[PDB]
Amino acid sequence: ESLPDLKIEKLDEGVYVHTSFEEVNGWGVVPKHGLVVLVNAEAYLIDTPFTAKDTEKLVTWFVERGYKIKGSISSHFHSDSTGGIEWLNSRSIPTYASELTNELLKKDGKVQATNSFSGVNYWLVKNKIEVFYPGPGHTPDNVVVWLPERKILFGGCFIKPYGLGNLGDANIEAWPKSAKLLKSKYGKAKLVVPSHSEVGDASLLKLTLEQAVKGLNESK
């Protein structure tokens, strides 16, 4: 009835932070950040909004300012990251997903991305966008997206300094190990964009690490 409208804010050179909302069973509504990275005249969707409406608005807002949407990539199989894939597929816009996240969607009777990748890393665009997989954590497929020439890290729902959040499809045992490996590879971070918290810096990495180890202990 009353849910904030899609917000698109500029983050750096060609990087935009997009936020959509959705009523789940928390203290009500919960915001979710994603990103549009502009390479040249080509935009890329790092995670999509929860719905087609928000995904349709986001796309056109960029197409309006003369940018062709080259594709999207989802961080994990959940909805704050895969909802708008459907809309995108019908408009036949290249959609990407990890082979584990596309398997998980399938499992849930959800439409699948039209492009898969595997391995510890994938260059969506060779020297500008890397997708890294530190290992099971928030969910078992969650990936992280790295912006080389800007030191920005999109860590979606994996990065959660203040609270682990939805433990639904977690791997509490391994989150600490992945959280540790992630702090190592990309500690060279300028910015770190969580899915449900204010933008940060290398510190959100150490925070989620303690947050995760505590979660592991706090269960045994």
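Residue numbers run from 1 along the displayed sequence.
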Mean CA B-factor: is it higher for 146-154 or for 101-109? 146-154
Stretch with higher mean Cα temperature factor, 82-90 vs 120-128, is 120-128
Per the entry, which of 61, 175, 50, 186 tops the list for Cα B factor? 186
Of the three thirds of the chain ranked by Cα temperature factor, residue 168 occupies the middle
The third of the chain into which the C-alpha temperature factor of residue 68 falls is the highest
Please rank the C-alpha B-factors of the chain's modelled residues and tell me whether residue 54 sits in the lowest, middle or highest third. lowest
Chain thirds of CA B-factor: placement of residue 39: highest
Entry-reported Cα temperature factor of residue 182, expressed as the chain third it lands in: middle
